[PDB]
Amino acid sequence: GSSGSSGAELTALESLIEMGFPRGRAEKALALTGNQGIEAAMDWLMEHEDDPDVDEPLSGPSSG
Numbered sequence: 001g002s003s004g005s006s007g008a009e010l011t012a013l014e015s016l017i018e019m020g021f022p023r024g025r026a027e028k029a030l031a032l033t034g035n036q037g038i039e040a041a042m043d044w045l046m047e048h049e050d051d052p053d054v055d056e057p058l059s060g061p062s063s064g
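Sequential numbering of the sequence shown, starting at 1, is according to the entry's author numbering.
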């Protein structure tokens, strides 16, 4: 951990981020769910916890 003071609620998204989650995901989830809430979003996340490609590569496999 680095920082963790006070416990506020910015937004359904931010809140998620507070869980150390990636924006792209949270956002995607929230959006996917329909910006309903965390629990709702999380459900998706947890489900996509093993997503095949939550963030597909934008370039291609170039060796390595």
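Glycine included, each C-beta is placed from N, C-alpha and C at the ideal position.
If you draw a straight line from the alpha carbon of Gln36 to that of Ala29, how long is it in whole angstroms?
-> 10 Å
Beta-carbon proximity list for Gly4, same chain, < 8 Å, skipping 5 on both sides | none
Indicate the three-state DSSP secondary structure (helix, strand or coil) for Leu58 in the structure shown.
-> coil
Report the three-state DSSP secondary structure of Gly64 (helix, strand or coil).
-> coil
Below 9 Å between beta carbons: does that hold for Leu16 and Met46?
-> no
Residue burial classification, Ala8 (beta-carbon count within 10 angstroms, cutoff 16) | exposed
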